[PDB]
$ cat start28.cif   # mmCIF, C-alpha atoms; chains and numbers go by the auth columns
data_work
#
loop_
_atom_site.group_PDB
_atom_site.id
_atom_site.type_symbol
_atom_site.label_atom_id
_atom_site.label_comp_id
_atom_site.label_asym_id
_atom_site.label_seq_id
_atom_site.Cartn_x
_atom_site.Cartn_y
_atom_site.Cartn_z
_atom_site.B_iso_or_equiv
_atom_site.auth_seq_id
_atom_site.auth_asym_id
ATOM 1 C CA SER A 1 92.002 25.657 92.338 0.00 1 A
ATOM 2 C CA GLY A 2 92.471 24.988 88.636 0.00 2 A
ATOM 3 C CA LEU A 3 94.149 28.243 87.626 0.00 3 A
ATOM 4 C CA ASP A 4 96.781 27.349 90.226 0.00 4 A
ATOM 5 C CA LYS A 5 97.178 23.758 89.003 0.00 5 A
ATOM 6 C CA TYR A 6 97.232 24.457 85.261 0.00 6 A
ATOM 7 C CA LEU A 7 100.261 26.668 85.909 0.00 7 A
ATOM 8 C CA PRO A 8 103.454 26.193 88.004 0.00 8 A
ATOM 9 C CA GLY A 9 101.796 28.122 90.810 0.00 9 A
ATOM 10 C CA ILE A 10 102.144 31.771 89.814 0.00 10 A
ATOM 11 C CA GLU A 11 101.970 34.089 92.830 0.00 11 A
ATOM 12 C CA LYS A 12 102.361 37.505 91.190 0.00 12 A
ATOM 13 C CA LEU A 13 101.412 39.034 87.838 0.00 13 A
ATOM 14 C CA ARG A 14 102.978 41.701 85.615 0.00 14 A
ATOM 15 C CA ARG A 15 99.843 43.839 86.136 0.00 15 A
ATOM 16 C CA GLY A 16 101.040 47.103 84.608 0.00 16 A
ATOM 17 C CA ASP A 17 103.322 49.706 86.165 0.00 17 A
ATOM 18 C CA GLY A 18 104.963 46.754 87.891 0.00 18 A
ATOM 19 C CA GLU A 19 103.588 43.579 89.458 0.00 19 A
ATOM 20 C CA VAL A 20 100.583 42.509 91.521 0.00 20 A
ATOM 21 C CA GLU A 21 99.795 39.520 93.746 0.00 21 A
ATOM 22 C CA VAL A 22 97.494 36.778 92.456 0.00 22 A
ATOM 23 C CA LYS A 23 95.309 37.118 95.562 0.00 23 A
ATOM 24 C CA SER A 24 93.775 40.133 93.812 0.00 24 A
ATOM 25 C CA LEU A 25 91.912 37.569 91.686 0.00 25 A
ATOM 26 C CA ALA A 26 90.324 35.538 94.459 0.00 26 A
ATOM 27 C CA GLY A 27 86.795 34.839 93.392 0.00 27 A
ATOM 28 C CA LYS A 28 86.294 36.606 90.072 0.00 28 A
ATOM 29 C CA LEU A 29 85.952 35.886 86.326 0.00 29 A
ATOM 30 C CA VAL A 30 89.430 35.851 84.797 0.00 30 A
ATOM 31 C CA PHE A 31 90.129 35.607 81.072 0.00 31 A
ATOM 32 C CA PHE A 32 93.257 34.610 79.138 0.00 32 A
ATOM 33 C CA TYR A 33 94.065 35.944 75.669 0.00 33 A
ATOM 34 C CA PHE A 34 96.748 33.986 73.796 0.00 34 A
ATOM 35 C CA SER A 35 98.773 35.909 71.202 0.00 35 A
ATOM 36 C CA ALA A 36 102.122 37.405 70.205 0.00 36 A
ATOM 37 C CA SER A 37 103.497 40.763 69.035 0.00 37 A
ATOM 38 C CA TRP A 38 104.700 39.226 65.764 0.00 38 A
ATOM 39 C CA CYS A 39 101.284 37.642 65.151 0.00 39 A
ATOM 40 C CA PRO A 40 99.756 38.081 61.640 0.00 40 A
ATOM 41 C CA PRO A 41 96.999 40.546 62.715 0.00 41 A
ATOM 42 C CA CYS A 42 98.464 42.225 65.808 0.00 42 A
ATOM 43 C CA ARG A 43 96.247 45.172 64.867 0.00 43 A
ATOM 44 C CA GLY A 44 92.730 45.346 66.269 0.00 44 A
ATOM 45 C CA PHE A 45 92.203 42.682 68.923 0.00 45 A
ATOM 46 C CA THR A 46 93.829 44.317 71.947 0.00 46 A
ATOM 47 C CA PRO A 47 92.418 47.772 72.890 0.00 47 A
ATOM 48 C CA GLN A 48 88.921 46.270 72.742 0.00 48 A
ATOM 49 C CA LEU A 49 89.399 44.196 75.885 0.00 49 A
ATOM 50 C CA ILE A 50 90.126 47.326 77.893 0.00 50 A
ATOM 51 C CA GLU A 51 87.144 49.201 76.450 0.00 51 A
ATOM 52 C CA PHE A 52 84.722 46.338 77.090 0.00 52 A
ATOM 53 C CA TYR A 53 86.085 45.688 80.583 0.00 53 A
ATOM 54 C CA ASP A 54 86.781 49.299 81.571 0.00 54 A
ATOM 55 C CA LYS A 55 83.223 50.182 80.536 0.00 55 A
ATOM 56 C CA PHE A 56 81.566 47.555 82.762 0.00 56 A
ATOM 57 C CA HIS A 57 84.361 46.543 85.150 0.00 57 A
ATOM 58 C CA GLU A 58 82.531 48.566 87.803 0.00 58 A
ATOM 59 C CA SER A 59 79.403 46.412 87.825 0.00 59 A
ATOM 60 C CA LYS A 60 81.080 43.305 86.407 0.00 60 A
ATOM 61 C CA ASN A 61 84.190 43.604 88.584 0.00 61 A
ATOM 62 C CA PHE A 62 86.290 41.371 86.316 0.00 62 A
ATOM 63 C CA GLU A 63 89.906 41.134 85.190 0.00 63 A
ATOM 64 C CA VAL A 64 91.584 39.957 82.007 0.00 64 A
ATOM 65 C CA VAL A 65 95.009 38.318 81.918 0.00 65 A
ATOM 66 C CA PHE A 66 97.351 38.247 78.912 0.00 66 A
ATOM 67 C CA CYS A 67 99.113 35.034 77.930 0.00 67 A
ATOM 68 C CA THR A 68 101.943 35.652 75.480 0.00 68 A
ATOM 69 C CA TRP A 69 102.625 33.334 72.550 0.00 69 A
ATOM 70 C CA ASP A 70 106.108 34.380 71.433 0.00 70 A
ATOM 71 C CA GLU A 71 109.529 32.721 71.494 0.00 71 A
ATOM 72 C CA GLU A 72 111.555 35.753 72.572 0.00 72 A
ATOM 73 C CA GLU A 73 110.908 38.259 75.360 0.00 73 A
ATOM 74 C CA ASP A 74 111.643 41.125 72.960 0.00 74 A
ATOM 75 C CA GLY A 75 108.224 40.540 71.418 0.00 75 A
ATOM 76 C CA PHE A 76 106.018 40.344 74.508 0.00 76 A
ATOM 77 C CA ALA A 77 108.231 42.864 76.312 0.00 77 A
ATOM 78 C CA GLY A 78 107.395 45.719 74.005 0.00 78 A
ATOM 79 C CA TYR A 79 103.965 44.166 73.892 0.00 79 A
ATOM 80 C CA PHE A 80 103.219 44.513 77.616 0.00 80 A
ATOM 81 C CA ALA A 81 104.695 48.033 77.609 0.00 81 A
ATOM 82 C CA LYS A 82 101.139 49.293 77.038 0.00 82 A
ATOM 83 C CA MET A 83 98.426 46.802 78.048 0.00 83 A
ATOM 84 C CA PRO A 84 97.522 47.438 81.740 0.00 84 A
ATOM 85 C CA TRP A 85 95.743 44.106 82.339 0.00 85 A
ATOM 86 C CA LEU A 86 97.635 41.479 84.340 0.00 86 A
ATOM 87 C CA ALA A 87 99.996 39.283 82.339 0.00 87 A
ATOM 88 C CA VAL A 88 101.984 36.246 83.462 0.00 88 A
ATOM 89 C CA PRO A 89 105.744 37.007 83.684 0.00 89 A
ATOM 90 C CA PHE A 90 108.162 35.193 81.371 0.00 90 A
ATOM 91 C CA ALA A 91 109.213 33.333 84.521 0.00 91 A
ATOM 92 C CA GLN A 92 106.043 31.228 84.257 0.00 92 A
ATOM 93 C CA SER A 93 105.747 31.347 80.468 0.00 93 A
ATOM 94 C CA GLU A 94 105.827 27.544 80.615 0.00 94 A
ATOM 95 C CA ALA A 95 102.251 27.711 81.880 0.00 95 A
ATOM 96 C CA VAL A 96 101.194 29.538 78.744 0.00 96 A
ATOM 97 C CA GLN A 97 102.432 26.614 76.673 0.00 97 A
ATOM 98 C CA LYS A 98 100.603 23.987 78.736 0.00 98 A
ATOM 99 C CA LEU A 99 97.606 26.214 79.524 0.00 99 A
ATOM 100 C CA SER A 100 96.706 26.007 75.831 0.00 100 A
ATOM 101 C CA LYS A 101 96.293 22.231 76.082 0.00 101 A
ATOM 102 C CA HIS A 102 93.657 22.888 78.743 0.00 102 A
ATOM 103 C CA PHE A 103 91.818 25.398 76.550 0.00 103 A
ATOM 104 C CA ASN A 104 92.315 23.325 73.385 0.00 104 A
ATOM 105 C CA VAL A 105 93.683 26.474 71.740 0.00 105 A
ATOM 106 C CA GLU A 106 93.705 25.499 68.063 0.00 106 A
ATOM 107 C CA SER A 107 95.726 28.556 67.053 0.00 107 A
ATOM 108 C CA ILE A 108 96.351 32.160 68.081 0.00 108 A
ATOM 109 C CA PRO A 109 95.047 34.682 68.504 0.00 109 A
ATOM 110 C CA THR A 110 92.259 33.555 70.835 0.00 110 A
ATOM 111 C CA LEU A 111 90.414 34.404 74.062 0.00 111 A
ATOM 112 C CA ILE A 112 89.358 32.159 76.957 0.00 112 A
ATOM 113 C CA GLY A 113 87.411 32.827 80.147 0.00 113 A
ATOM 114 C CA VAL A 114 87.841 30.962 83.419 0.00 114 A
ATOM 115 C CA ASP A 115 86.700 31.296 87.017 0.00 115 A
ATOM 116 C CA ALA A 116 89.443 31.876 89.588 0.00 116 A
ATOM 117 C CA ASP A 117 87.225 30.407 92.309 0.00 117 A
ATOM 118 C CA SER A 118 85.690 27.511 90.372 0.00 118 A
ATOM 119 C CA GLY A 119 88.981 26.779 88.640 0.00 119 A
ATOM 120 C CA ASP A 120 87.608 24.800 85.704 0.00 120 A
ATOM 121 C CA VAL A 121 87.004 26.544 82.378 0.00 121 A
ATOM 122 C CA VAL A 122 83.766 28.524 82.169 0.00 122 A
ATOM 123 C CA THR A 123 83.944 29.752 78.568 0.00 123 A
ATOM 124 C CA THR A 124 86.377 29.144 75.687 0.00 124 A
ATOM 125 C CA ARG A 125 84.777 31.151 72.847 0.00 125 A
ATOM 126 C CA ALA A 126 85.732 34.444 74.487 0.00 126 A
ATOM 127 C CA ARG A 127 87.315 35.646 71.242 0.00 127 A
ATOM 128 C CA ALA A 128 84.024 36.035 69.371 0.00 128 A
ATOM 129 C CA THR A 129 81.810 36.778 72.360 0.00 129 A
ATOM 130 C CA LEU A 130 83.848 39.615 73.836 0.00 130 A
ATOM 131 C CA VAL A 131 83.449 41.317 70.459 0.00 131 A
ATOM 132 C CA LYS A 132 80.035 39.950 69.514 0.00 132 A
ATOM 133 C CA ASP A 133 78.475 40.155 72.995 0.00 133 A
ATOM 134 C CA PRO A 134 77.566 43.802 73.766 0.00 134 A
ATOM 135 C CA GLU A 135 74.999 42.762 76.381 0.00 135 A
ATOM 136 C CA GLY A 136 77.157 40.793 78.791 0.00 136 A
ATOM 137 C CA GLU A 137 73.928 39.044 79.741 0.00 137 A
ATOM 138 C CA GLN A 138 75.771 35.708 79.663 0.00 138 A
ATOM 139 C CA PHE A 139 79.367 36.862 80.222 0.00 139 A
ATOM 140 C CA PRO A 140 80.348 33.406 81.612 0.00 140 A
ATOM 141 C CA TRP A 141 79.364 32.412 78.029 0.00 141 A
ATOM 142 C CA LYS A 142 79.165 28.751 79.025 0.00 142 A
ATOM 143 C CA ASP A 143 78.597 25.959 76.480 0.00 143 A
ATOM 144 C CA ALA A 144 76.603 26.696 73.323 0.00 144 A
ATOM 145 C CA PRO A 145 73.001 25.396 73.654 0.00 145 A
ATOM 146 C CA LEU A 146 72.141 26.830 70.230 0.00 146 A
ATOM 147 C CA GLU A 147 72.252 23.425 68.534 0.00 147 A
#

$ encode --input "start28.cif" --output "structure tokens"
Amino acid sequence: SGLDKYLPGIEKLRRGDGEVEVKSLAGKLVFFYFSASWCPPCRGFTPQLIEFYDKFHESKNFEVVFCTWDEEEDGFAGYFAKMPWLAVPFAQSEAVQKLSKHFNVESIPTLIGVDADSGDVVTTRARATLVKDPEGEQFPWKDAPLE
């Protein structure tokens, strides 16, 4: 619904070894990490996603998508060479630019969580939670009712 509107209508993803249809994410909790290979840190926030997801993906059955934040393909290209998660191809990189406006991305790097089925955003503070939430008891980490 929303994930399809926010973007130009992506049908396939860069998955890993090659590409994978979007249908594979029909009714699940998808996340979107915005960043670039030339980013200031670019050392730490990356292999954690896989560990957190790969460790509970069985019971959680979720998927994380990577949204580049570079100007040239040379950066994200060598960047996706490893990460297995599904990443939007440069073809629809335009979405990544507009998608931010929907997530109010102040600045990279960051992490956002959305529902493929629901469409609308379910959680935007996925950057701190994914790292600071080792219980996954509220994975959809909705709004913050802690005052």

$ residues_near_point --input "start28.cif" --point "(79.5, 36.9, 81.2)" --cutoff "12 Å" --atoms "all atoms listed in the file" --output "short mmCIF file (atom, residue, chain, number, x, y, z; two decimals) with C-alpha atoms, in the coordinates of the input"
data_model
loop_
_atom_site.label_atom_id
_atom_site.label_comp_id
_atom_site.auth_asym_id
_atom_site.auth_seq_id
_atom_site.Cartn_x
_atom_site.Cartn_y
_atom_site.Cartn_z
CA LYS A 28 86.29 36.61 90.07
CA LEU A 29 85.95 35.89 86.33
CA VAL A 30 89.43 35.85 84.80
CA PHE A 31 90.13 35.61 81.07
CA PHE A 52 84.72 46.34 77.09
CA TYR A 53 86.08 45.69 80.58
CA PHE A 56 81.57 47.56 82.76
CA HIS A 57 84.36 46.54 85.15
CA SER A 59 79.40 46.41 87.82
CA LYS A 60 81.08 43.30 86.41
CA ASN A 61 84.19 43.60 88.58
CA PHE A 62 86.29 41.37 86.32
CA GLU A 63 89.91 41.13 85.19
CA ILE A 112 89.36 32.16 76.96
CA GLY A 113 87.41 32.83 80.15
CA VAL A 114 87.84 30.96 83.42
CA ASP A 115 86.70 31.30 87.02
CA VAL A 122 83.77 28.52 82.17
CA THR A 123 83.94 29.75 78.57
CA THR A 124 86.38 29.14 75.69
CA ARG A 125 84.78 31.15 72.85
CA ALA A 126 85.73 34.44 74.49
CA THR A 129 81.81 36.78 72.36
CA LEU A 130 83.85 39.62 73.84
CA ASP A 133 78.47 40.16 73.00
CA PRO A 134 77.57 43.80 73.77
CA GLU A 135 75.00 42.76 76.38
CA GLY A 136 77.16 40.79 78.79
CA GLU A 137 73.93 39.04 79.74
CA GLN A 138 75.77 35.71 79.66
CA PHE A 139 79.37 36.86 80.22
CA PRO A 140 80.35 33.41 81.61
CA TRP A 141 79.36 32.41 78.03
CA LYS A 142 79.17 28.75 79.03
CA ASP A 143 78.60 25.96 76.48
#

$ resolve_selection --input "start28.cif" --expression "the PyMOL selection byres ((chain A and resi 67-78) around 10)" --output "PyMOL selection string"
chain A and resi 31-39+64-66+79-83+86-90+93+95-97+99-100+108-111

$ closest_residue --input "start28.cif" --among "A:51, A:117, A:94, A:147" --to "residue 10 of chain A" --atoms "all atoms listed in the file"
A:94

$ closest_residue --input "start28.cif" --among "A:121, A:91, A:26, A:105" --to "residue 14 of chain A" --atoms "only C-alpha atoms"
A:91

$ atom_distance --input "start28.cif" --atom1 "atom CA of residue 131 of chain A" --atom2 "atom CA of residue 48 of chain A"
7.7 Å

$ closest_residue --input "start28.cif" --among "A:119, A:144, A:128, A:45" --to "residue 2 of chain A" --atoms "only C-alpha atoms"
A:119

$ closest_residue --input "start28.cif" --among "A:41, A:145, A:84, A:47" --to "residue 19 of chain A" --atoms "all atoms listed in the file"
A:84

$ closest_residue --input "start28.cif" --among "A:42, A:146, A:22, A:49" --to "residue 9 of chain A" --atoms "only C-alpha atoms"
A:22

$ closest_residue --input "start28.cif" --among "A:116, A:127, A:132, A:8" --to "residue 23 of chain A" --atoms "all atoms listed in the file"
A:116

$ atom_distance --input "start28.cif" --atom1 "atom CA of residue 15 of chain A" --atom2 "atom CA of residue 3 of chain A"
16.7 Å
